[PDB]
$ cat data_26.txt   # compact mmCIF, C-alpha atoms
# COMPACT_ATOMS: atom_id res chain seq x y z
CA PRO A 1 2.13 11.48 -14.52
CA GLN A 2 4.62 9.29 -12.83
CA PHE A 3 6.73 8.21 -9.92
CA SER A 4 10.14 6.72 -10.85
CA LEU A 5 11.43 4.77 -7.86
CA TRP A 6 14.72 6.61 -7.16
CA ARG A 7 13.00 8.38 -4.33
CA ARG A 8 10.35 7.02 -1.96
CA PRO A 9 6.90 7.50 -3.78
CA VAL A 10 5.62 9.73 -1.00
CA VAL A 11 2.61 12.05 -1.01
CA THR A 12 0.26 14.21 1.03
CA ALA A 13 -3.38 13.06 1.62
CA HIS A 14 -6.16 14.71 3.69
CA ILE A 15 -8.12 12.04 5.49
CA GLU A 16 -11.28 13.78 6.70
CA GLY A 17 -9.48 17.11 6.16
CA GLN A 18 -6.47 16.33 8.30
CA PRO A 19 -3.26 16.09 6.13
CA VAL A 20 -0.95 13.12 6.32
CA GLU A 21 2.21 12.02 4.38
CA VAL A 22 1.74 8.54 2.94
CA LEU A 23 4.00 6.18 0.98
CA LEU A 24 2.23 4.72 -2.07
CA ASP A 25 3.02 1.05 -1.52
CA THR A 26 2.25 -1.78 -3.95
CA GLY A 27 3.18 -4.38 -1.52
CA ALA A 28 0.32 -3.70 0.86
CA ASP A 29 -3.20 -5.08 0.52
CA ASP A 30 -4.40 -2.34 2.90
CA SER A 31 -3.58 1.19 4.01
CA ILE A 32 -2.52 1.92 7.56
CA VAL A 33 -1.95 5.35 8.97
CA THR A 34 -1.20 6.60 12.47
CA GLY A 35 -1.53 10.17 13.82
CA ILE A 36 -5.13 10.77 12.82
CA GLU A 37 -8.33 10.19 14.83
CA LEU A 38 -11.03 8.47 12.83
CA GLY A 39 -13.48 7.96 15.75
CA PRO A 40 -15.59 5.41 17.50
CA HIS A 41 -16.94 3.44 14.51
CA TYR A 42 -14.62 0.70 13.83
CA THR A 43 -14.04 -2.97 13.53
CA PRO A 44 -10.61 -4.00 14.92
CA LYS A 45 -7.88 -5.84 13.14
CA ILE A 46 -4.49 -7.45 13.16
CA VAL A 47 -2.23 -6.76 10.17
CA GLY A 48 0.87 -8.74 9.23
CA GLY A 49 4.07 -7.06 8.29
CA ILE A 50 7.80 -8.06 8.18
CA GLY A 51 8.78 -8.74 11.78
CA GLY A 52 5.27 -9.32 13.17
CA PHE A 53 1.68 -8.23 13.28
CA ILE A 54 -0.01 -5.17 14.57
CA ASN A 55 -3.40 -4.25 16.06
CA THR A 56 -5.50 -1.86 13.94
CA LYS A 57 -8.85 -0.15 13.79
CA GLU A 58 -10.71 -0.61 10.58
CA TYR A 59 -12.78 2.36 9.15
CA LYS A 60 -14.97 2.24 6.08
CA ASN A 61 -16.13 4.87 3.58
CA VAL A 62 -13.63 7.39 4.89
CA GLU A 63 -13.00 10.62 3.07
CA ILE A 64 -9.77 10.79 1.26
CA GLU A 65 -8.20 13.59 -0.73
CA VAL A 66 -5.07 12.93 -2.58
CA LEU A 67 -3.61 13.84 -6.06
CA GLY A 68 -6.57 16.24 -6.74
CA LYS A 69 -9.04 13.43 -6.25
CA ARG A 70 -11.76 12.85 -3.87
CA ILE A 71 -12.13 9.18 -2.92
CA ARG A 72 -14.08 7.18 -0.28
CA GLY A 73 -12.42 4.02 1.03
CA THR A 74 -11.32 1.86 3.90
CA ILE A 75 -8.34 2.91 6.12
CA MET A 76 -6.89 1.19 9.19
CA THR A 77 -5.42 3.06 12.03
CA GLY A 78 -2.64 1.76 14.36
CA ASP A 79 1.05 1.30 15.30
CA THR A 80 2.61 1.94 11.84
CA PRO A 81 6.25 3.29 11.69
CA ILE A 82 5.34 4.61 8.26
CA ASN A 83 1.89 5.58 6.79
CA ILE A 84 1.01 3.47 3.83
CA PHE A 85 -1.63 3.59 1.06
CA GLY A 86 -1.92 -0.10 0.07
CA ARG A 87 -3.30 -1.59 -3.20
CA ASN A 88 -6.94 -0.90 -2.02
CA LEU A 89 -6.50 2.87 -2.44
CA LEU A 90 -4.12 2.67 -5.54
CA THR A 91 -6.76 0.75 -7.63
CA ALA A 92 -9.30 3.59 -6.70
CA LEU A 93 -6.59 6.28 -7.69
CA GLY A 94 -6.08 4.61 -11.06
CA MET A 95 -2.55 3.42 -10.48
CA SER A 96 -0.40 0.96 -12.37
CA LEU A 97 3.12 -0.46 -12.14
CA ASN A 98 4.64 0.19 -15.67
CA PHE A 99 8.00 -1.02 -17.08
CA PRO B 1 3.49 -3.61 -20.15
CA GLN B 2 1.71 -3.19 -16.91
CA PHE B 3 0.48 -4.38 -13.56
CA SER B 4 -2.91 -2.94 -12.47
CA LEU B 5 -3.24 -3.42 -8.72
CA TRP B 6 -6.40 -5.57 -8.53
CA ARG B 7 -4.20 -8.56 -7.98
CA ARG B 8 -0.93 -8.75 -6.04
CA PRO B 9 1.90 -7.68 -8.53
CA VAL B 10 3.63 -11.03 -8.19
CA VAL B 11 6.32 -12.55 -10.40
CA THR B 12 8.90 -15.29 -10.82
CA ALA B 13 12.66 -14.45 -10.57
CA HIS B 14 15.71 -16.78 -10.76
CA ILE B 15 18.28 -15.66 -8.24
CA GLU B 16 21.47 -17.48 -9.22
CA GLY B 17 19.31 -19.89 -11.26
CA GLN B 18 17.01 -20.89 -8.44
CA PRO B 19 13.39 -19.63 -9.11
CA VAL B 20 11.47 -17.66 -6.53
CA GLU B 21 8.04 -15.87 -6.49
CA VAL B 22 8.45 -12.24 -5.49
CA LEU B 23 5.99 -9.38 -4.91
CA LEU B 24 7.08 -6.18 -6.69
CA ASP B 25 6.78 -3.75 -3.78
CA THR B 26 7.17 0.03 -4.00
CA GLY B 27 7.11 0.44 -0.34
CA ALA B 28 10.40 -1.33 0.28
CA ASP B 29 13.84 0.27 0.03
CA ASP B 30 15.33 -3.23 -0.24
CA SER B 31 14.50 -6.73 -1.42
CA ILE B 32 14.30 -9.62 1.01
CA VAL B 33 13.79 -13.21 0.05
CA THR B 34 13.82 -16.44 2.04
CA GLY B 35 14.15 -20.01 0.72
CA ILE B 36 17.32 -19.54 -1.29
CA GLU B 37 20.96 -20.06 -0.23
CA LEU B 38 23.23 -17.23 -1.30
CA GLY B 39 26.35 -18.45 0.57
CA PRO B 40 29.06 -17.38 2.94
CA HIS B 41 29.79 -13.86 1.63
CA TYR B 42 27.63 -11.52 3.41
CA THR B 43 27.32 -8.54 5.64
CA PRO B 44 24.45 -8.92 8.16
CA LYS B 45 21.54 -6.62 8.67
CA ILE B 46 18.42 -5.69 10.53
CA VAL B 47 15.44 -4.56 8.45
CA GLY B 48 12.39 -2.71 9.76
CA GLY B 49 8.92 -3.71 8.80
CA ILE B 50 5.38 -3.20 10.28
CA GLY B 51 5.39 -5.01 13.61
CA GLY B 52 9.17 -5.12 14.13
CA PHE B 53 12.56 -5.72 12.64
CA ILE B 54 14.24 -8.74 11.26
CA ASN B 55 17.80 -10.08 10.94
CA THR B 56 19.09 -10.42 7.36
CA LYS B 57 22.13 -11.35 5.34
CA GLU B 58 23.17 -8.82 2.81
CA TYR B 59 24.54 -10.04 -0.63
CA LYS B 60 25.91 -7.83 -3.37
CA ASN B 61 26.18 -8.20 -7.14
CA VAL B 62 23.86 -11.20 -7.14
CA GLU B 63 22.52 -12.61 -10.35
CA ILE B 64 18.94 -11.90 -10.99
CA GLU B 65 16.68 -12.96 -13.84
CA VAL B 66 13.27 -11.57 -14.01
CA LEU B 67 10.91 -10.22 -16.79
CA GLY B 68 13.39 -11.40 -19.54
CA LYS B 69 16.14 -9.31 -18.02
CA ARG B 70 19.41 -10.10 -16.57
CA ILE B 71 20.32 -7.82 -13.66
CA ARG B 72 23.04 -7.75 -10.94
CA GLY B 73 22.05 -6.27 -7.59
CA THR B 74 21.88 -6.50 -3.83
CA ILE B 75 19.47 -8.97 -2.11
CA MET B 76 18.98 -9.69 1.60
CA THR B 77 18.09 -13.04 2.89
CA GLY B 78 16.10 -13.75 6.11
CA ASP B 79 12.82 -14.31 8.01
CA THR B 80 10.41 -12.77 5.43
CA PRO B 81 6.74 -14.05 5.38
CA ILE B 82 6.65 -12.84 1.79
CA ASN B 83 9.52 -12.36 -0.75
CA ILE B 84 9.83 -8.79 -1.85
CA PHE B 85 11.68 -6.92 -4.61
CA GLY B 86 12.04 -3.42 -3.11
CA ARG B 87 12.70 -0.09 -4.94
CA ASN B 88 16.44 -1.04 -5.40
CA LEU B 89 15.58 -3.74 -7.96
CA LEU B 90 12.53 -1.85 -9.54
CA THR B 91 14.72 1.18 -10.54
CA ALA B 92 17.16 -1.38 -12.26
CA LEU B 93 14.05 -3.09 -14.00
CA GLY B 94 12.88 0.27 -15.32
CA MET B 95 9.72 0.52 -13.27
CA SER B 96 7.40 3.42 -12.59
CA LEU B 97 4.19 4.06 -10.66
CA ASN B 98 1.79 5.63 -13.31
CA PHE B 99 -1.69 7.15 -12.75

$ encode --input "data_26.txt" --output "structure tokens"
Amino acid sequence: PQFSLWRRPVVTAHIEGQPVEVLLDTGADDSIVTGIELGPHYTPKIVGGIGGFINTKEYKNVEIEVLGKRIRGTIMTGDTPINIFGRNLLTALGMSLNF
Amino acid sequence: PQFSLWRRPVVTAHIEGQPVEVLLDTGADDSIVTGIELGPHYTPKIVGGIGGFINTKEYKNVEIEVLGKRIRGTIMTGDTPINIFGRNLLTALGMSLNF
């Protein structure tokens, strides 16, 4: 199936059974969400975006449900204005940029 | 043809005949580049990214060459750490997010 880019390629994912709205975003190496609690077990980060950097909490082998797929993968949590699924999760999902 | 997301979907565009390396990025509404002079004729902006906002110069019906296509479209210029072609230019280019 497909996403044409006339609208934001936005979707609903359950991370550990909580549901979040994420933008599928080719331009990110990682995936940052806010709004969900992933717990105690993390290594911190610093991510760079357009206008600065933010402080995030890095979580590995995290349960993700999205597009009728069950995936395990790394997610960061922090100060993001929008939730993104970066290229790390799109490779896993089997996605391509077609033209 | 296609971009699988194992590598950054990066490409070379000529904006007004100058060549720039751009990341095709689904997660942007617009396209911001730095490094090129587009001239005097602009309306300013403020774009929001992850960590803040930046100040940009908005240019319309700008000549773009990329992927053996000649396109006209809006580009912003400013403080971007990476050059991006947002969803505004990918619709024009005939791109889709396939899975």

$ closest_residue --input "data_26.txt" --among "B:64, B:36, B:13, B:20" --to "residue 92 of chain B" --atoms "all atoms listed in the file"
B:64

$ closest_atom_pairs --input "data_26.txt" --of "chain A" --to "chain B" --cutoff "7 Å" --atoms "only C-alpha atoms" --output "tab-separated table"
residue	atom	partner	partner_atom	distance
A:1	CA	B:98	CA	6.0
A:2	CA	B:98	CA	4.7
A:3	CA	B:97	CA	4.9
A:4	CA	B:96	CA	4.6
A:5	CA	B:91	CA	5.6
A:6	CA	B:91	CA	6.4
A:23	CA	B:27	CA	6.7
A:24	CA	B:27	CA	6.7
A:25	CA	B:27	CA	4.3
A:26	CA	B:25	CA	4.9
A:27	CA	B:25	CA	4.3
A:49	CA	B:50	CA	4.5
A:50	CA	B:49	CA	4.5
A:51	CA	B:52	CA	4.3
A:52	CA	B:51	CA	4.3
A:53	CA	B:51	CA	4.9
A:54	CA	B:51	CA	5.5
A:80	CA	B:50	CA	6.0
A:81	CA	B:50	CA	6.7
A:87	CA	B:5	CA	5.8
A:90	CA	B:5	CA	6.9
A:91	CA	B:5	CA	5.6
A:94	CA	B:99	CA	5.3
A:95	CA	B:99	CA	4.5
A:96	CA	B:4	CA	4.6
A:97	CA	B:97	CA	4.9
A:98	CA	B:2	CA	4.6
A:99	CA	B:95	CA	4.5

$ residues_around --input "data_26.txt" --residues "residue 41 of chain A" --least-positions-apart "2" --cutoff "9 Å" --atoms "only C-alpha atoms" --output "NGL selection string"
:A and (38-39 or 43 or 57-60)

$ calpha_fit_and_write --input "data_26.txt" --fixed "chain B" --moving "chain A" --output "tab-separated table (two decimals) with C-alpha atoms, in the coordinates of the input"
chain	number	residue	atom	x	y	z
A	1	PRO	CA	3.49	-3.61	-20.15
A	2	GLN	CA	1.70	-3.19	-16.91
A	3	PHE	CA	0.48	-4.37	-13.56
A	4	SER	CA	-2.90	-2.94	-12.47
A	5	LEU	CA	-3.24	-3.41	-8.72
A	6	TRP	CA	-6.40	-5.57	-8.54
A	7	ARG	CA	-4.20	-8.56	-7.98
A	8	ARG	CA	-0.93	-8.75	-6.03
A	9	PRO	CA	1.90	-7.68	-8.53
A	10	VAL	CA	3.63	-11.03	-8.19
A	11	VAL	CA	6.32	-12.56	-10.40
A	12	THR	CA	8.90	-15.30	-10.82
A	13	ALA	CA	12.66	-14.45	-10.57
A	14	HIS	CA	15.71	-16.78	-10.76
A	15	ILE	CA	18.28	-15.66	-8.24
A	16	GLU	CA	21.48	-17.49	-9.22
A	17	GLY	CA	19.31	-19.89	-11.26
A	18	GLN	CA	17.00	-20.89	-8.44
A	19	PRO	CA	13.39	-19.63	-9.10
A	20	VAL	CA	11.47	-17.66	-6.53
A	21	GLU	CA	8.04	-15.87	-6.49
A	22	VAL	CA	8.45	-12.23	-5.49
A	23	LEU	CA	6.00	-9.38	-4.91
A	24	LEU	CA	7.08	-6.18	-6.68
A	25	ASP	CA	6.78	-3.75	-3.78
A	26	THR	CA	7.17	0.03	-4.00
A	27	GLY	CA	7.11	0.44	-0.34
A	28	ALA	CA	10.40	-1.32	0.28
A	29	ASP	CA	13.83	0.27	0.02
A	30	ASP	CA	15.33	-3.23	-0.23
A	31	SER	CA	14.50	-6.74	-1.42
A	32	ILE	CA	14.29	-9.62	1.01
A	33	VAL	CA	13.79	-13.21	0.05
A	34	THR	CA	13.82	-16.44	2.04
A	35	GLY	CA	14.15	-20.02	0.72
A	36	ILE	CA	17.33	-19.53	-1.29
A	37	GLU	CA	20.96	-20.06	-0.23
A	38	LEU	CA	23.23	-17.23	-1.30
A	39	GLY	CA	26.36	-18.45	0.57
A	40	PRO	CA	29.05	-17.38	2.94
A	41	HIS	CA	29.79	-13.86	1.63
A	42	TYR	CA	27.63	-11.52	3.42
A	43	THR	CA	27.32	-8.54	5.64
A	44	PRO	CA	24.45	-8.92	8.16
A	45	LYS	CA	21.54	-6.63	8.67
A	46	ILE	CA	18.42	-5.69	10.53
A	47	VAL	CA	15.44	-4.56	8.45
A	48	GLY	CA	12.39	-2.71	9.76
A	49	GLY	CA	8.92	-3.71	8.81
A	50	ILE	CA	5.38	-3.20	10.28
A	51	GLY	CA	5.39	-5.01	13.61
A	52	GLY	CA	9.17	-5.12	14.13
A	53	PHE	CA	12.56	-5.71	12.64
A	54	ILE	CA	14.24	-8.74	11.26
A	55	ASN	CA	17.80	-10.08	10.94
A	56	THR	CA	19.09	-10.42	7.36
A	57	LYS	CA	22.13	-11.35	5.35
A	58	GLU	CA	23.17	-8.82	2.80
A	59	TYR	CA	24.55	-10.04	-0.63
A	60	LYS	CA	25.91	-7.83	-3.36
A	61	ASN	CA	26.18	-8.20	-7.15
A	62	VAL	CA	23.86	-11.19	-7.14
A	63	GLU	CA	22.52	-12.61	-10.35
A	64	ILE	CA	18.94	-11.90	-10.99
A	65	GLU	CA	16.68	-12.96	-13.83
A	66	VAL	CA	13.26	-11.57	-14.01
A	67	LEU	CA	10.91	-10.22	-16.79
A	68	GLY	CA	13.38	-11.39	-19.53
A	69	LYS	CA	16.14	-9.30	-18.02
A	70	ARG	CA	19.40	-10.10	-16.57
A	71	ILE	CA	20.32	-7.82	-13.66
A	72	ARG	CA	23.04	-7.75	-10.94
A	73	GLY	CA	22.04	-6.27	-7.58
A	74	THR	CA	21.88	-6.50	-3.83
A	75	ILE	CA	19.47	-8.97	-2.11
A	76	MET	CA	18.98	-9.68	1.59
A	77	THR	CA	18.10	-13.04	2.88
A	78	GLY	CA	16.11	-13.74	6.11
A	79	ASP	CA	12.82	-14.30	8.01
A	80	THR	CA	10.40	-12.77	5.43
A	81	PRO	CA	6.73	-14.05	5.38
A	82	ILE	CA	6.65	-12.84	1.79
A	83	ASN	CA	9.52	-12.36	-0.76
A	84	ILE	CA	9.83	-8.80	-1.84
A	85	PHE	CA	11.68	-6.92	-4.62
A	86	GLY	CA	12.04	-3.42	-3.11
A	87	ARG	CA	12.70	-0.09	-4.94
A	88	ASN	CA	16.44	-1.04	-5.40
A	89	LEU	CA	15.57	-3.74	-7.96
A	90	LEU	CA	12.53	-1.85	-9.54
A	91	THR	CA	14.73	1.18	-10.53
A	92	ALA	CA	17.16	-1.38	-12.25
A	93	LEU	CA	14.06	-3.08	-14.00
A	94	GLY	CA	12.88	0.28	-15.32
A	95	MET	CA	9.72	0.52	-13.27
A	96	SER	CA	7.40	3.42	-12.60
A	97	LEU	CA	4.19	4.06	-10.66
A	98	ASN	CA	1.79	5.63	-13.31
A	99	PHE	CA	-1.69	7.15	-12.76

$ closest_residue --input "data_26.txt" --among "B:40, B:17, B:31, B:11" --to "residue 65 of chain B" --atoms "all atoms listed in the file"
B:17

$ axis_aligned_box --input "data_26.txt" --around "segment 34-47 of chain A" --padding-each-side "6 Å" --output "AutoDock Vina command-line options"
--center_x -9.1 --center_y 1.7 --center_z 13.8 --size_x 27.7 --size_y 30.2 --size_z 19.3

$ atom_distance --input "data_26.txt" --atom1 "atom CA of residue 56 of chain A" --atom2 "atom CA of residue 34 of chain A"
9.6 Å

$ atom_distance --input "data_26.txt" --atom1 "atom CA of residue 22 of chain B" --atom2 "atom CA of residue 83 of chain B"
4.9 Å

$ atom_distance --input "data_26.txt" --atom1 "atom CA of residue 30 of chain A" --atom2 "atom CA of residue 75 of chain A"
7.3 Å

$ residues_around --input "data_26.txt" --residues "residue 61 of chain B" --least-positions-apart "3" --cutoff "8 Å" --atoms "all atoms listed in the file" --output "PyMOL selection string"
chain B and resi 72-74

$ closest_residue --input "data_26.txt" --among "B:37, B:77, B:68, B:63" --to "residue 12 of chain B" --atoms "all atoms listed in the file"
B:68
